[PDB]
Each structure stands twice: as C-alpha cells, then as structure tokens.
Amino acid sequence: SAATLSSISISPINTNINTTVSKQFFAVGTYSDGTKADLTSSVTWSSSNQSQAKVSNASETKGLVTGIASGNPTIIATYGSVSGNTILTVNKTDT
Numbered sequence: 014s015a016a017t018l019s020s021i022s023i024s025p026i027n028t029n030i031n032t033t034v035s036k037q038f039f040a041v042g043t044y045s046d047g048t049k050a051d052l053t054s055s056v057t058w059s060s061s062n063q064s065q066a067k068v069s070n071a072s073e074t075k076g077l078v079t080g081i082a083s084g085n086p087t088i089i090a091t092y093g094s095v096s097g098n099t100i101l102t103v104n105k106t107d108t
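With this note's numbering as the guide, the letters of the sequence shown map in order to residues 14 to 108.
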C-alpha cells in the first residue's frame, strides 16, 4: 500500500477499569491520504501485567481485555512496525 499511517489516535472509552468487568477500546488511524480506518482488528492489544489481567479475544472480539485489579495496568497497542503505549487507571464507579 502506497499510503502509510500518518498518525495514531485512540478512541473511547477513557482510562477506567470497572469492578470486575471486561473493557474494550478502539484504535483509529489516519492515512496520509486523509483517509481513516479502524485498526482495532489490525492492532493487537496486550498488558504488561498478564498475571493481574488476561487478554483473550477472537477475530470478531479483537480488543477485549478483562482486568480483575492491578492498581495501574498498562495496555500496549502494536500495529505492524508501529506501536503506541497508553496507561489505564484503575477507577471503580461504585463498590
């Protein structure tokens, strides 16, 4: 493909972890051609803390991570030869 990823952007939801539920995030990229596309399926999500969190999702669920509790888990998104790191904060809406 002549066109290449011009920039990397992260879509909702903000950085927050629920009591004990799964949370999915979307990745948006802009091509130098001014075009946009969802790479959530092209990008592989993972966490440094695999012991306190596990990432398991089929091709149709790519982008699903469940975090029991780690205080401060870090999700790393890798796309081909380009990757971006982001920090997720542990915040429960209610007990």
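The beta-carbon is built from N, C-alpha and C at its ideal position, and this holds for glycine as well.
Would you call residue i buried or exposed, if buried means 16 or more other Cβ atoms sit within 10 Å of its Cβ?
i: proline 25; result: exposed
i: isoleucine 100; result: exposed
i: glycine 76; result: buried
i: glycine 84; result: exposed
i: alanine 50; result: exposed
Would DSSP call residue i helix, strand or coil?
i: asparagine 98; result: strand
i: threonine 91; result: strand
Under 8 Å by Cβ, that's how I've got residue i and residue j pegged, so tell me the actual separation to the nearest angstrom.
i: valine 78; j: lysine 36; result: 6 Å
i: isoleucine 21; j: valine 95; result: 7 Å
Hey, which unbroken runs of the beta strand (DSSP E) at 3 residues or more fall wholly within the region 17-89? 18-23, 35-37, 40-44, 49-51, 57-60, 66-68, 77-80
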